[PDB]
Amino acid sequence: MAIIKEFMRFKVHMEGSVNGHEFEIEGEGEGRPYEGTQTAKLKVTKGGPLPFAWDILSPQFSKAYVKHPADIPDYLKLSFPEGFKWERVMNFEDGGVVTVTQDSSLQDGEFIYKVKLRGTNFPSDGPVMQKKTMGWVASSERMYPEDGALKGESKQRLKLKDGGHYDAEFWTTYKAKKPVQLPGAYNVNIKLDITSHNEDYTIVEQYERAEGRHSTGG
């Protein structure tokens, strides 16, 4: 409450590979952790221009910025200053797979994010390697505690240039670096937008709004 301020910056470093293409990204962001909003500016620093869709990377750049009601314990905010780690699997409907590990810490009053990502088995003709995706539809992550960690599961959908859709299932485990209070089951509603980018997506800005709720209705 005194360490997670109402306005917070973060720095993020990602290293990864997708279908064997290695890359690195460095970015900085800022937001309002109790209002559930944040923006980030990412720069490809190695391996650019990326030969695959930016959208598979965008969900990996910050769960300390989820608005929570008072009756749902904010496990990931409570994990600081030590922070938390998370591990994610994204299975896409055409066999593409992305696995991600992340470490979050707080240093000199800013969040520090370290991301490692491996994408594999994307079809050469599919919308990821052909850069045909056009952003994520608004989604809901089902959260529940299990084995001393916070788990989330969600069905996700990318829009496509041809007007169709491209679906994925996300599984994530979030683990605080110290024992803090886990919530019961609840839902996190997320909207993730690419707000600007240059022609080859080597410079990208994102905006995300996230809020935890009991409700399942839209």
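All residue numbers refer to positions in the sequence shown, first residue = 1.
The deposited sequence places 1 to 3 unmodelled residues between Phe61 and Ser62.
Mean CA B-factor, 169-177 versus 62-70: the higher value falls on 62-70. Look at the C-alpha B-factors of 76-84 and of 96-104. On average they run higher in 76-84. Take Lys46, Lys43, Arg32, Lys159 and read off each C-alpha B-factor from the entry; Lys46 has the highest. Residue-level temperature factors show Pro51 in the highest third of its chain, judged at the C-alpha atom. Among all modelled residues in this chain, the alpha-carbon of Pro145 has a temperature factor (C-alpha) in the lowest third. Remark: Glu28 belongs to the middle third of its chain, ranked by C-alpha B-factor as recorded. The PDB entry assigns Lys11 a C-alpha temperature factor belonging to the lowest third of its chain's modelled residues. In the PDB entry, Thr120 places in the lowest third of its chain by CA B-factor.
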